[PDB]
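If you want the building blocks of each chain, they are given just below.
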There are 2 protein chains.
Amino acid sequence: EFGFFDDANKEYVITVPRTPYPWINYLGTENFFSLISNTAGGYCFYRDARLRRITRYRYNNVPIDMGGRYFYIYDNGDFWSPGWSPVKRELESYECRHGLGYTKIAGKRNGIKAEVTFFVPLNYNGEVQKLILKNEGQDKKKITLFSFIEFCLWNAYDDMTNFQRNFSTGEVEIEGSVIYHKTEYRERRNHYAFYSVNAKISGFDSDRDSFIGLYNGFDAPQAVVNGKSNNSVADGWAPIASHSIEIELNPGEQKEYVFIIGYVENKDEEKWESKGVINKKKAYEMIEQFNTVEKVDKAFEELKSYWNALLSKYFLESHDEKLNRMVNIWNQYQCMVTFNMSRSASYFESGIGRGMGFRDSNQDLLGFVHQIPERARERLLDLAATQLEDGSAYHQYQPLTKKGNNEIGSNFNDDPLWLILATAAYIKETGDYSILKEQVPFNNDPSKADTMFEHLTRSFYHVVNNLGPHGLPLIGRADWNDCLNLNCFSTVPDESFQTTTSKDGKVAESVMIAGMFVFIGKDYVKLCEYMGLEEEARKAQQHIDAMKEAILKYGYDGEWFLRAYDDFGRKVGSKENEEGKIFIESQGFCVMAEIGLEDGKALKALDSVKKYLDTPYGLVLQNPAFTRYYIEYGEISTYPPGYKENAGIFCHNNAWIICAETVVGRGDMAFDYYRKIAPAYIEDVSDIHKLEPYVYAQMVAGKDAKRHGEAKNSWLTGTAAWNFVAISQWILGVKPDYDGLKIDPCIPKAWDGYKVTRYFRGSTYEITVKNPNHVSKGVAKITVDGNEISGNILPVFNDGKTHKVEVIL
Amino acid sequence: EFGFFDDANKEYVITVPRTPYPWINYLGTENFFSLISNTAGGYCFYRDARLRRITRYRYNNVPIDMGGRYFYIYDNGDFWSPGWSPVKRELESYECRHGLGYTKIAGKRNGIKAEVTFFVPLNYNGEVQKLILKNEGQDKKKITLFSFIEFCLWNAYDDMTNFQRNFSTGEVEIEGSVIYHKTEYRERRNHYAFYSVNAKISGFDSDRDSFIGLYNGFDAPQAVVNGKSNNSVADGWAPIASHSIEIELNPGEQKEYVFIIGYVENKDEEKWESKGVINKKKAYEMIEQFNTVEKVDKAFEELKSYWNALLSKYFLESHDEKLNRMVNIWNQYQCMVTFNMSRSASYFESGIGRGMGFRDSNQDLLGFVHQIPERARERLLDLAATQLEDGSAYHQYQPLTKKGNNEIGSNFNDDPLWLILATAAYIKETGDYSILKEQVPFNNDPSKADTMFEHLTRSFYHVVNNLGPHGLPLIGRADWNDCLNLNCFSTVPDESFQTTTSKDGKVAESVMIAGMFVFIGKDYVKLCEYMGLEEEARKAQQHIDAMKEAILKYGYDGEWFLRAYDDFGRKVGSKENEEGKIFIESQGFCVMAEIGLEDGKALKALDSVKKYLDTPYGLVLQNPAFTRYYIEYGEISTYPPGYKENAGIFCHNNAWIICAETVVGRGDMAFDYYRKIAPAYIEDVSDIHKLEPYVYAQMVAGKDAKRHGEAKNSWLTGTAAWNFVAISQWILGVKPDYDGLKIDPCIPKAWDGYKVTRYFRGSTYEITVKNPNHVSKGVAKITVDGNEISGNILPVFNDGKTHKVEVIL
Ligand SMILES: OC[C@H]1O[C@@H](O[C@H]2[C@H](O)[C@@H](O)[C@H](O)O[C@@H]2CO)[C@H](O)[C@@H](O)[C@@H]1O
Ligand SMILES: OC[C@H]1O[C@@H](O[C@H]2[C@H](O)[C@@H](O)[C@H](O)O[C@@H]2CO)[C@H](O)[C@@H](O)[C@@H]1O
């Protein structure tokens with residue numbers, strides 16, 4: 001391990017700066033966003049990492065994670081950094097606390113302690129850094145403090161490619177203790193950035209080559225080495241911001257400073273104070289907002305209250321402290337962060353993309369719908385507005401413009417069903433059926449607008465109408481697995497596997513889409529019945545039954561469910577195949593659809609999953625891994641064995657196996673699968689996992705990889721939402737439902753019980769589950785407010801009170 | 001100064017490594033290309049810096065220029081680099097010789113000297129590095145040598161943006177002393193790279209985090225610090241190549257090693273030696289090709305002979321050694337390099353672009369036509385094949401695919417005339433009129449193909465058919481000045497100034513295009529007369545005369561020539577304007593067209609140019625500089641004053657001013673303009689110039705900038721070609737022409753004379769010019785082989801002999 005969980009403060013405490021990888025945190029809630037590592041590396045942006053990046057950051061750098069908010073303490077020739085980077089001189093003590101929306105970093109050297117709190121306050125377009133300098137020695141000290149950030153030229157791709165122009169465009173202004181970055185403000189941009197401190201400065205620097213030196217690195221800037229600022233004014237090349245303050249500290253005396261990285265937008269008419277001088281009124285207001293430590297503390301407390309209110313809708317009390325900290329703090333926090341950040345910027349996503357997946361946007365809603373219902377409803381309507389008339393969807397949704405990517409296009413045939421699933425989840429959470437009657441346009445065209453229920457109908461009948469030779473849905477470009485491309489057949493290195501199609505797409509089928517169709521058609525039929533359309537519900541049920549028969553006749557291999565048929569009409573995921581005899585997605589979604597429950601097919605498939613796909617670090621996508629390129633399969637075989645979609649552990653689809661295990665009533669298996677990938681349970685092998693031990697990652701190397709157990713692409717994935725749904729609804733049995741809160745746990749037998757406090761439709765339910773006879777599944781009795789009820793659906797109160805619920809299995 | 005010229009060896013010798021900016025050189029002639037700095041930084045690629053990059057390089061890095069071919073000498077705990085980078089430990093001696101297609105770097109520390117010669121041999125797909133280690137001390141030594149390169153993932157944009165996939169794709173093999181990089185070779189790619197040394201190694205490394213360490217930089221890799229290789233095999237993340245050799249050196253003993261960075265392409269049926277093992281036959285042949293120092297020396301001598309033959313067609317003997325070294329070595333070398341490299345990769349061009357300008361290829365042809373006439377003919381035909389049917393051209397030409405960029409498009413209305421100018425230059429150089437009768441397609445469509453002369457006709461009549469209200473040519477998106485956008489009117493950031501047009505383009509005219517039309521229509525009329533089309537020649541002359549009258553009536557401001565009219569119909573470049581009262585382009589091209597020679601208008605315009613645009617470092621584009629954004633002008637006013645097109649020194653049009661000065665017979669002024677920007681004449685202010693003192697740069701900061709005199713965007717520009725044409729043809733007076741070689745010098749009066757040896761149409765002319773009366777212009781007598789001739793056109797011999805020519809002014 002490299003740290004520990006602090007549950008009372010809801011923090012992760014990193015105690016050594018050399019983590020196996022830089023472990024990061026996110027700051028900001030609405031528009032200003034910051035990525036900050038445990039050594040204070042990273043960068044910030046305003047609403048768009050691609051088009052409004054404020055500070056410069058280099059991905060895949062040597063050394064890693066160089067560039068950030070760098071403070072230099074200069075003490076009589078010696079100099080060091082509180083985060084131990086970039087200087088990397090040994091510290092008496094180091095600590096990084098990653099909290100909810102904030103990060104604290106403390107470092108000590110030669111009797112001088114520096115503590116910095118970084119956070120983005122609510123309704124504020126800036127990152128606030130509170131710095132405490134304390135003299136813990138026995139002698140009076142004279143030191144110099146240096147701040148440093150490196151600006152980006154607002155357009156990351158242009159900033160890293162277009163030097164022939166942009167080496168001559170960088171412009172700054174320096175006034176008082178504020179350095180303003182105003183590149184291209186003179187022509188078309190109405191926005192600028194600033195770096196300020198709330199104290200009189202001894203000097204400044206705004207030219208990178210003056211502060212650092214051409215042949216020096218971040219670890220030893222020449223101005224810091226010499227102990228004084230050069231007072232350089234930037235002119236092209238690389239604009240930066242640096243203050244220098246000369247401080248005398250008596251023994252036991254401390255001083256406090258507030259540094260602000262701020263973003264300002266001006267109206268085109270109010271752009272100039274005079275000729276060539278930017279208007280600084282908004283920056284003055286922003287800086288005065290946080291010119292004392294007391295105001296910063298008030299904002300910090302308000303952010304704490306905001307996050308506490310966000311996390312308070314689902315509270316678990318069990319005997320397992322790791323489970324408690326996953327359910328109560330970190331899973332919900334990651335779900336909220338994933339809603340705030342989409343898939344834009346991480347230490348693996350470089351921030352140059354244009355949007356996120358349509359299916360990913362729908363799937364995250366299942367995770368965060370219980371925390372932000374109104375924003376979830378707005379997001380659902382926005383996603384539905386981009387749908388095409390035929391019921392298909394744009395593969396990439398852009399939340400910034402609320403539009404679909406026309407360049408990427410459509411023909412990912414699983415995408416429409418996710419909209420129905422997310423809408424059903426929203427309705428079951430809130431009970432708000434009115435969303436079905438909203439007027440939603442098609443293709444963002446107000447002229448052709450219909451009800452939201454009509455959008456769901458088109459989504460259902462897009463699958464109904466695009467059936468293949470066996471009656472299973474046509475896969476198209478791909479399904480949930482974006483690397484299963486059965487219509488590509490690509491031989492040329494530079495073409496995309498997802499948008500290049502050399503086949504008509506009339507043969508290749510997906511049984512994973514078939515399982516999704518059967519699973520989500522129940523919700524569609526229920527919504528048909530709510531709308532008063534009995535014939536429509538009957539016809540939809542007929543189609544669902546036909547799909548179920550098709551899955552039984554052509555989608556089962558004998559001991560597990562098949563994966564697909566290719567353009568040749570050959571089975572994918574069959575025991576007759578040499579490699580890839582069994583995939584994981586079809587098993588999970590077919591068992592979740594209750595197919596094979598009575599004849600033992602589902603149990604056989606789950607036993608096969610355990611036999612062939614199980615590892616100590618999770619379940620691999622398919623077995624055996626592909627050891628060569630398969631032109632008929634697409635991108636999946638292009639990876640080396642055990643990585644990404646070629647038999648890696650995709651923790652996103654492990655949650656479906658967890659749910660399916662709850663379906664057959666095996667709670668021990670479900671919780672054992674849950675524990676293998678939950679961050680709090682692998683904190684003890686953090687060195688093997690190598691990524692953050694407090695958030696889910698997308699991918700863990702499988703048993704065929706030499707790095708078996710190592711993670712990639714952390715912090716930004718649909719794993720958090722689906723795993724929270726699996727643990728909180730399927731295992732713990734607190735399930736939203738159309739008529740109310742359903743209680744149906746499936747837990748390990750040895751558990752004596754637990755309790756969950758759930759806020760649901762305007763009321764609080766304190767549900768205590770007991771297991772006197774140690775079973776896994778089956779409710780014997782439910783009592784509400786002292787009175788026995790019938791069934792497993794709790795009454796809806798909507799009275800703002802607390803109701804005691806007592807459950808005996 | 002940071003070095004000196006070595007004329008006998010044709011090298012520039014850099015003597016201090018802390019040079020004001022990394023000074024680079026190019027290696028390779030046909031397909032394999034290398035950029036190498038004076039500290040051995042840079043990278044290689046195969047024909048395409050964008051899609052076939054072999055080694056990784058980080059632009060705009062901190063510290064600058066980190067990453068390259070890094071050799072580490074480990075001596076009993078100490079370690080250092082012969083290029084002084086990346087280790088940056090002080091050396092007893094350092095030297096870098098930049099030659100023609102090769103670079104030598106020598107470094108000495110603690111009695112150990114390391115000398116490395118880098119070059120790409122002819123007809124070889126690899127970079128060869130010959131390393132000599134010498135013990136110059138008095139004691140026997142035991143050392144370890146480490147090599148290091150960092151691989152790229154073949155697609156630089158993908159390599160720097162797509163970590164979510166490509167952190168799991170990196171693959172290598174290690175066999176003997178060769179490390180093979182084969183990422184995606186198991187897949188659609190049929191090419192791989194290798195790093196070899198011709199000796200048994202003590203160890204290797206192929207994983208970056210094992211050789212270097214996650215938190216270490218290039219300056220102190222952990223394997224080098226420990227003095228031992230880790231023998232790591234890469235698996236995803238960052239593949240690298242490193243050998244380690246343990247060497248014992250007696251006093252006075254030296255060892256020799258050959259390192260090769262090689263590129264191999266295999267046939268799809270011969271990709272594998274066995275399952276999972278790449279076929280290494282071509283790599284074995286390539287490595288055996290240079291496994292001894294003698295073979296490397298033979299290849300080095302062959303490269304030297306090739307480069308000597310390339311520069312031998314124009315040889316100057318004057319009293320000025322700086323002029324001699326510019327004309328004989330460095331200008332011609334830069335012209336050939338610019339033909340080989342287009343505008344793809346420099347230390348300012350990041351290698352991500354798709355091609356070069358159509359006008360830029362045409363203009364470079366003028367520079368290199370005397371060195372490679374056959375390749376110039378092929379390039380001319382390739383450029384003409386992309387022309388549209390109406391005579392317009394695609395703005396960006398892509399020499400790799402020999403096609404125009406359809407996304408960028410057309411409507412740059414000066415582009416077609418450059419094709420006529422380049423074709424006329426080729427015909428004047430070679431006398432080969434047959435190129436006019438070649439069948440050339442339109443829009444790369446063989447069905448619609450016509451003669452090359454028909455292409456020139458369409459180019460000529462595009463201007464005739466796109467005249468404006470005053471009879472001057474419509475400017476369209478832009479003319480030669482790509483930042484003068486009079487139809488854009490953009491208020492929104494992140495949209496191209498060159499391809500966004502909010503006006504119909506029926507008002508704005510360009511005086512510069514009018515001057516080009518008059519200047520190049522003479523050549524078009526001559527070519528019309530060659531084909532026997534008398535009526536066509538008469539009609540073309542009528543159009544030229546009409547353009548001349550239009551320029552005289554509407555293009556002259558009273559003291560100088562106007563620049564343009566905008567979409568409002570207002571004068572651009574007029575004394576009535578508050579800023580930008582005079583531009584430089586119109587003066588040069590109108591005087592070159594001989595428009596105001598008799599009435600004193602041309603002399604008046606040149607005097608105005610001297611009065612308003614002249615600086616000690618060159619001539620600025622326009623005066624006064626724009627101090628605010630002008631929406632009606634486009635990108636030109638978006639720069640800060642004195643940079644790029646906003647009153648920077650564009651050395652490209654200084655050559656046109658030099659030619660115009662020769663036209664009015666003022667040789668002192670022309671040579672004074674030539675000297676201000678010629679690299680050999682500013683080597684003494686190298687610290688101010690800051691870029692390479694042996695090649696031209698695109699841009700020097702103007703008198704309105706605080707960095708007045710500083711250069712940007714070196715090594716890749718049309719400045720070299722036009723300046724060589726200005727010095728060698730207009731000042732020295734050796735001008736190719738129809739019917740032969742014309743002698744018409746315009747030189748400073750104080751010169752006594754000079755001599756030029758010129759290879760022209762199969763014969764050599766040794767031309768001695770004498771100035772007994774000390775005039776600037778005017779030929780009194782010409783004698784060939786002892787017999788006085790009439791006129792100033794030399795006879796064509798085509799006999800492979802040398803002919804003595806005496807010219808008396
Ligand atoms: O396959 C599951 C997951 O794939 C995501 O697409 C990735 C893919 O994982 C990767 O192999 C490929 O190289 O890049 C794409 C991104 O374009 C997809 O974004 C998810 O929606 C999907 O669940
Ligand atoms: O203007 C002369 C020169 O311009 C080149 O275009 C550059 C331009 O200099 C720069 O200001 C702008 O930002 O980028 C473009 C490149 O797209 C052009 O390439 C040359 O042909 C032209 O001679």
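Counting starts from 1 on each chain and goes along its sequence as written, which need not follow the entry numbering; residues with no coordinates are hidden. Chain labels run from A onward and ligand labels from 1 onward, assigned in the order the entries are written. Side-chain descriptors were evaluated using all non-hydrogen atoms of the structure, hydrogens and water having been removed beforehand. Residues with missing side-chain atoms are left out of burial classes, side-chain pairs and their counts.

(A) Spotlight on the site of ligand 2. Only a single heavy atom is needed: when it lies within 4 Å of a molecule or strand, its residue is near that molecule or strand. Residues in close proximity to ligand 2 total 13 residues, the closest being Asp360(B), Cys483(B), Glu635(B), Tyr639(B) and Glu645(B). This site is not confined to one chain, since residues near ligand 2 come from chains A and B. Pairs of N or O atoms within 3.5 Å make up the polar contacts considered here, provided that, within protein, one atom can donate a hydrogen while the other can accept it, and that residues adjacent in sequence are counted only when both atoms are side-chain atoms. A distance of 3.5 Å separates an oxygen atom of ligand 2 from a polar atom in the side chain of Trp480(B). Measuring from an oxygen atom of ligand 2, one finds a side-chain N or O atom of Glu635(B) at 2.6 Å. All accessibility values rest on the Shrake-Rupley procedure with a 1.4 Å probe; residue burial counts only the protein chains present in the view. Burial of ligand 2 by the protein amounts to 79% of the accessible area it has alone, namely 490 Å². Secondary structure elements follow DSSP: runs of H or I no shorter than four residues count as helices, runs of E no shorter than two count as strands, and numbering proceeds from the N terminus. When residues of the shell around ligand 2 are traced back to their parent elements, those giving at least two are α2 (163-166) of chain A together with α8 (358-368) of chain B. Amino acids are sorted into nonpolar (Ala, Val, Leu, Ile, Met, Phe, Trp, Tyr, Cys and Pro), charged (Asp, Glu, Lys and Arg) and polar (every other residue, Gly among them). Of the residues contributing to the shell around ligand 2, the split by class is four nonpolar, two polar and seven charged.

(B) Highlighting the pattern of salt bridges. Residue and element names in this part refer to chain A. One side-chain nitrogen of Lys or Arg within 4 Å of one carboxyl oxygen of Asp or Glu is enough to make a salt bridge. Applying the stated criterion to the full structure yields 115 salt bridges over all chains. Across the pair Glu438 and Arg377 runs a salt bridge whose closest N-O atoms are separated by 3.3 Å. With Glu438 in the loop between α10 (415-430) and β26 (439-442) and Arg377 in helix α9 (residues 373-385), this residue pair connects regions lying 61 residues apart in the sequence. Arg377 sits in the buried class, given a relative accessible area of 19%. Note that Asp557 is salt-bridged to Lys575, the shortest N-O span being 3.6 Å. On the criterion of sequence distance, the pair formed by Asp557 in the loop between α13 (534-554) and β29 (564-565) and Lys575 in the loop between β30 (571-572) and β31 (582-583) is long-range, its members being 18 residues apart. A 1.4 Å probe rolled over the protein chains alone gives each residue an accessible area, and that area as a share of the maximum for its type sets the label: buried under 20%, exposed over 50%, partly exposed in between.

(C) Structural view of a negative patch on the surface. All names here are of chain A. Taken together, the side chains of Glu256, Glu294, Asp297, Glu301 and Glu302 make up a negatively charged region of the molecular surface. With four residues, the single largest contributor to the negative patch is helix α6 (residues 293-311). By the secondary structure assignment, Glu294 is in helix α6. Taking the relative accessible area as the measure of exposure, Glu294 reaches 57% and is therefore exposed. Each patch groups residues whose relative accessible area exceeds 30% and which form no salt bridge, using 9 Å between like charges and 5 Å between nonpolar side chains of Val, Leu, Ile, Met, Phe, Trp and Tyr. Here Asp and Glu are counted as negative and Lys and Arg as positive; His is not counted, and neither are the chain ends. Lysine's charge is taken at NZ, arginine's at CZ, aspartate's at CG and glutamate's at CD.

(D) Molecular detail of the interface of chain B and chain A. At the interface, 72 residues of chain B touch 72 residues of chain A. Each partner contributes to the roughly 6800 Å² buried at the junction of chain B and chain A, and carbon and sulfur atoms together form 52% of this total. The tally of links between chain B and chain A comes to four salt bridges. Where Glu635(A) meets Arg165(B), a salt bridge forms, and the shortest distance between an N and an O atom there is 3.1 Å. Breaking the side of chain B that touches chain A down by element, the ones donating at least two residues are α1 (156-161), α2 (163-166) and β37 (711-714) of chain B. In terms of residue class, the side of chain B that touches chain A is built from 29 nonpolar, 17 polar and 26 charged. We call two residues in contact whenever any of their non-hydrogen atoms come within 4.5 Å of each other. Buried area: the accessible surface (1.4 Å probe) lost by two parts on joining, summed over both.

(E) Representation of helix α5 (residues 281-289) of chain A within the structure. Residue and element names in this part refer to chain A. Within α5 the residues assigned to the buried category are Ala283, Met286 and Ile287. Angular distribution of buried residues about the axis of α5 spans 95°; they occupy a single face of the element. Away from its buried face, by an angle of more than 90 degrees, α5 presents the exposed residues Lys281 and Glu288. Those residues of α5 that are buried are in contact with β12 (126-135), β15 (178-181), β16 (191-197) and β19 (254-265). Note: the arc covers the axis-to-C-beta directions of the helix.

(F) Region of the structure containing the pairing of strand β27 (residues 445-451) of chain A. At least two DSSP bridges between two strands are needed for those strands to be called paired. Where β26(A) meets β27(A), four bridges bridge the pair, whose relative direction is antiparallel. Within β27(A), the position partnered with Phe442(A) by the bridge is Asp445(A).

(G) The domain arrangement of chain A, seen in detail. Residues and elements named next belong to chain A. Annotation of chain A at the domain level lists domain 1 (3-308), domain 2 (326-730) and domain 3 (732-808). Across the contact, 22 residues belong to domain 2 and 20 residues belong to domain 3. For the pairing of domain 2 and domain 3, the buried interface totals around 1600 Å² over both sides, and the portion due to carbon and sulfur atoms is 53%. Looking at the side of domain 2 facing domain 3, the largest losses of area belong to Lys428, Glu429 and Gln729, adding up to 32% of the total buried there. Here domain 2 and domain 3 share one salt bridge between them. With a closest N to O distance of 3.0 Å, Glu429 and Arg758 form a salt bridge. Taken together, the connections running from domain 2 to domain 3 amount to nine residue pairs in polar contact. Among the secondary structure elements, those contributing two or more residues to the side of domain 2 that touches domain 3 are α10, α12 (511-530), α16 (651-663), α17 (667-677) and α20 (719-731). Broken down by element, the residue count for the side of domain 2 that touches domain 3 peaks at five residues, all from α10. Classifying every residue of the side of domain 2 that touches domain 3 gives eight nonpolar, eight polar and six charged. As used throughout, domain bounds are those supplied by an automatic or database domain assignment.

(H) Looking closely at the packing of aromatic side chains. Residue and element names in this part refer to chain A. For this analysis, a ring pair means two rings from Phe, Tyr or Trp (six-membered ring only for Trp) whose centres lie within 6.5 Å, classed as stacked if their planes differ by under 30 degrees, edge-to-face if by over 60, and tilted for the remaining angles. Summed over the entire model, instances satisfying the criterion amount to 136 aromatic pairs over all chains. For the ring pair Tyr43 and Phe45, a centre distance of 6.5 Å and an interplane angle of 40° mean the geometry is tilted. Classification of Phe45 as buried rests on a relative accessible area of 2%. With centroids separated by 5.7 Å and ring planes inclined at 20°, the aromatic side chains of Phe671 and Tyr674 adopt a geometry described as stacked.

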